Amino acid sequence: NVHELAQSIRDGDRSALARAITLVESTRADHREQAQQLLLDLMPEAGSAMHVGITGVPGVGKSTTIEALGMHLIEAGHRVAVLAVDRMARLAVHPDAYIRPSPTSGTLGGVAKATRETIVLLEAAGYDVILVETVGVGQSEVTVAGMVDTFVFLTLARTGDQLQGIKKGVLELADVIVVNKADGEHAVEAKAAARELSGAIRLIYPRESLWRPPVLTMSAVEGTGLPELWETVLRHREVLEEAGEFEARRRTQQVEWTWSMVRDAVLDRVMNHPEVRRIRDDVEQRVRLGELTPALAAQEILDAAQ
């Protein structure tokens, strides 16, 4: 069963791949146990692809970029999978590309878990580059950052001195920043904004930094700057491997994800408790109104979940 399924994936049996993917997406406890045995078997193949995260707000040009980058990597001999943690016509028909929409959300955590595990199945099937994308609602960027080696952030220049749609905790996550839509009359403004952002990075990150994120400009549509974006991603990996830090980071990602599953399980028992859900609104109001102190309110919530 489990071990035969692994070998079929290793052989390139696409049907075994899809079976296994449905197997890791499954909510049943027989499938869950099966999924983990599978992932153990496939441990030698785990890690064998480059992991690249790609984020940006809607309208930045993320689909177009991922499509153009996917084709450019396929032209270079890679096999590319694209996963969403939350269309591309050219890529969906290519035999050496794999495209899965984001899985129905048990939670962000459920989707993430499914994506992480599907990454291993795809590495086993021979995909050597995995692009993981997110639009960045809520905790989404932080989640993708924790499963990739290099996190690429796509932005737009509003003008030559302003960027748009930079969310609260996002630049810090970026290993590469791309000012996209640098074509036509707008090319001018995009390059000046990119330079200005380089200035900000030089100002703020210690000169001593092992890696400081490059700012690049690109036209996803025209394909200019795409080769350079890819060289910068490979450069990042090299600098990290060269520091003996590439594998160290992946091992830390795995441990951190272990603990976040422990945290989600323990916190869910409280947050989804029907009695907590019933009183929580009234508890929060009573804190807002000063009728209850926060410590008393916290004790009331813990009690409700007792």
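Just count from 1 along the sequence shown to find any residue number.
Chemist: In this entry, is the chain continuous from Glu196 to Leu197, or are deposited residues missing in between (none, 1 to 3, 4 to 9, 10 or more)?
Modeler: According to the record, the chain runs unbroken from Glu196 to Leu197.
Chemist: Mean C-alpha B-factor higher for 103-111, or for 119-127?
Modeler: The stretch with the larger average C-alpha B-factor is 103-111.
Chemist: Comparing 142-150 with 206-214, which stretch shows the greater average C-alpha B-factor in the deposited entry?
Modeler: If you average the C-alpha B-factors of 142-150 and of 206-214, the larger mean comes out for 206-214.
Chemist: Per the PDB entry, which option out of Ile201, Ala220, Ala174, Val178 has the greatest Cα B factor?
Modeler: Max CA B-factor in the entry, restricted to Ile201, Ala220, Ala174, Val178: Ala220.
Chemist: Just to confirm, going by the entry's C-alpha B-factors, which of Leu83, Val135, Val233, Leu156 comes out highest?
Modeler: Largest recorded C-alpha B-factor: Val135.
Chemist: Would you please rank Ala29 by its C-alpha temperature factor against the other modelled residues of its chain and give the third it falls in: lowest, middle or highest?
Modeler: Top third by C-alpha B-factor.
Chemist: Just say lowest, middle or highest third for the CA B-factor of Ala35 relative to the other modelled residues in its chain.
Modeler: For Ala35, the deposited C-alpha B-factor lands in the highest third.
Chemist: Going by what the PDB entry lists, where does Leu302 fall on CA B-factor within its chain: lowest, middle or highest third?
Modeler: For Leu302, the deposited C-alpha B-factor lands in the lowest third.
Chemist: Could you tell me which third, lowest, middle or highest, the C-alpha B-factor of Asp13 occupies within its chain?
Modeler: CA B-factor rank for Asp13: highest third.
Chemist: Compared with the other modelled residues in the chain, in which third is the CA B-factor of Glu256?
Modeler: Tercile = lowest for this residue's CA B-factor.
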